[PDB]
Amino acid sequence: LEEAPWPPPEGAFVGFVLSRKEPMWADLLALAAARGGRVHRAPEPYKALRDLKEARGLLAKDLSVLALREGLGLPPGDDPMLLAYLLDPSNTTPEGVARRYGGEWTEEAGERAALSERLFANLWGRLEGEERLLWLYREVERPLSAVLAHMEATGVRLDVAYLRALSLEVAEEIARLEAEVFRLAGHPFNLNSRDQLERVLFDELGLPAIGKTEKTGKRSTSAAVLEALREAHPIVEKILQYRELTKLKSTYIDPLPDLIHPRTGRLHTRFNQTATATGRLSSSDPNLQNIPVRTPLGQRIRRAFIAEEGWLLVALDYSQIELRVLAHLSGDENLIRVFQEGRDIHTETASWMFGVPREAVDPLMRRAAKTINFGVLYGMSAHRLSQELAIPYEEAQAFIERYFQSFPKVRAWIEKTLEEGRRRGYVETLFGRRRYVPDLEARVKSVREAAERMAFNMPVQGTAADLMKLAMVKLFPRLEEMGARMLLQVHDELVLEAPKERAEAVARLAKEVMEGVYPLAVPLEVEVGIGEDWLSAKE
């Protein structure tokens, strides 16, 4: 390409190099742009950023987040990564996409700009004719990238002092558990080392080994195994409590306060748009989609996520989302009728499980039923189910027979989906997002059946994901107009931040936008909560 002075003309593709992957923390090392056979290199990247009207190129959202951090309103535009991910969601990295669609991902900004330009041309070509994928790109993925940039740059407030204090408390409890374990083992060892623990449990205390690990065939010390052995020796429950506390301390309590940004005073995650096989987003550095909520200590951590003073959090959650999506995709009259009547399958299964009418099913019972309903729907074996519910095998095989007896068109949909997957090589969501599943015709049963369960799950999980992304795209401009902010997405949950005086109005509006995002054969229902912290806002 011909070397030309900065700045580039409008519509140019950008290339950039960062000192590290996280754009909120990165130094912008180099910046360049490519258009019309020319490459333009920025003499000073930060100042040069002000010359761009949009970020158009590979990883555009990352550059946009960095620009927002610097107080510039530079939105992301076209990004070849999003095109490639739509063609085939195994396209997740710039390295892989480059090699596959016509270049090499290097560490030089000018080369990255030229690459962005060539790849976009190539991928745009592959998408011609693909009307549904083009719709997803134009109506969902491309504008969602702008919404995600704002969310990343905004971050979320965390009560640092509270977490520091909590760390000290938890450390003391860990010491008490550790001391007791060692006493019961008759010697100290590294309780964090599963290899060392395996030897104490199975070789020294002589407990029965229940299971083996996948890759290396060691005797497993997983929670499922320890639960099975909690009556066999008092050390086992102490180990389970130790695991719970150290997992929470090492993963959340200790790292989180160190990730507060000096400029914002907030915690900033990355929302990865081309990371999953199904079209869900992921969250990383730190992952904020797996913040604890189950246990008492988990709930105390969830309370550390708070609104700015004078604001409130608003938490929105689609109810029974995958079952509702399944009803639409399958067209099963019975399942459809369940939701038109206002019924709850989780509650109804929890009635069966715990032996309760339908009334007085506490929230905890309902949640236990979730794993059962999802597990069974997606192909959990009758043996795992019998083991989970502590019931005879024949009662489990019967339970699954009844599950699919109640909604006969679900099986037919599953069969239909698997056949198209075998014939075409991919399966699709309601909106045409695809996932290629080559192992559907594998001659090894375990491999083939694993592929089947991935294949028929994808349209359900991915349709739910598409619906939430669409909702986020629709909701974002409405929030801006009300001075509210979108903070986090957790798959089928959204967390917003609103001025206290407008939080009620924000919640009502957000609920309506999410419920009416794309009408299905059954109503979408959204539960909404308001509070000073994440836990309080989820009621």
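Whichever C-alpha set is largest while still superposing within 1.5 Å between the two forms counts as the rigid core. Sequential numbering from 1, following the sequence displayed.
* To do: Please work out whether 133 to 141 or 180 to 188 has the higher root mean square C-alpha deviation in 8 other deposited structures of this protein relative to the shown form, with the rigid core as fitting region?
  => Farther on average in 8 other deposited structures of this protein: 180 to 188.
* Higher-deviation segment by CA RMS in 8 other deposited structures of this protein, core fitted, 108 to 116 or 241 to 249 -> Between the two stretches, 241 to 249 moves farther in 8 other deposited structures of this protein.
* Mean temperature factor over C-alpha atoms, higher-scoring stretch between 223 to 231 and 388 to 396 -> Higher mean C-alpha B-factor in the PDB entry: 388 to 396.
* Asked: Quick one: higher average CA temperature factor, 484 to 492 or 50 to 58?
  -> Per the deposited B-factors, the answer is 50 to 58.
* Of the choices 268, 247, 280, 423, which one's C-alpha carries the largest B-factor in the record? -> Largest recorded C-alpha B-factor: 423.
* Asked: Which one of 174, 113, 210, 291 shows the top CA temperature factor in the record?
  -> It is 210.
* To do: Sort the modelled residues of this chain by their C-alpha B factor and say whether residue 407 lands in the lowest, middle or highest third.
  => As the PDB entry reports it, the C-alpha B-factor of residue 407 lands in the highest third of its chain.
* Among the chain's modelled residues, which third holds the C-alpha B-factor of residue 336? -> Highest third.
* Asked: If you rank the chain by CA B-factor, which third does residue 23 end up in: lowest, middle or highest?
  -> As the PDB entry reports it, the C-alpha B-factor of residue 23 lands in the lowest third of its chain.
* **Chain-relative CA temperature factor third for residue 300** => Its C-alpha B-factor, which the entry lists for residue 300, ranks in the middle third among residues of this chain.
* To do: Using the B-factors in the PDB entry, rank residue 17's C-alpha atom against the chain and give the third, lowest, middle or highest.
  => Ranked within chain, residue 17 CA B lands in the lowest tercile.
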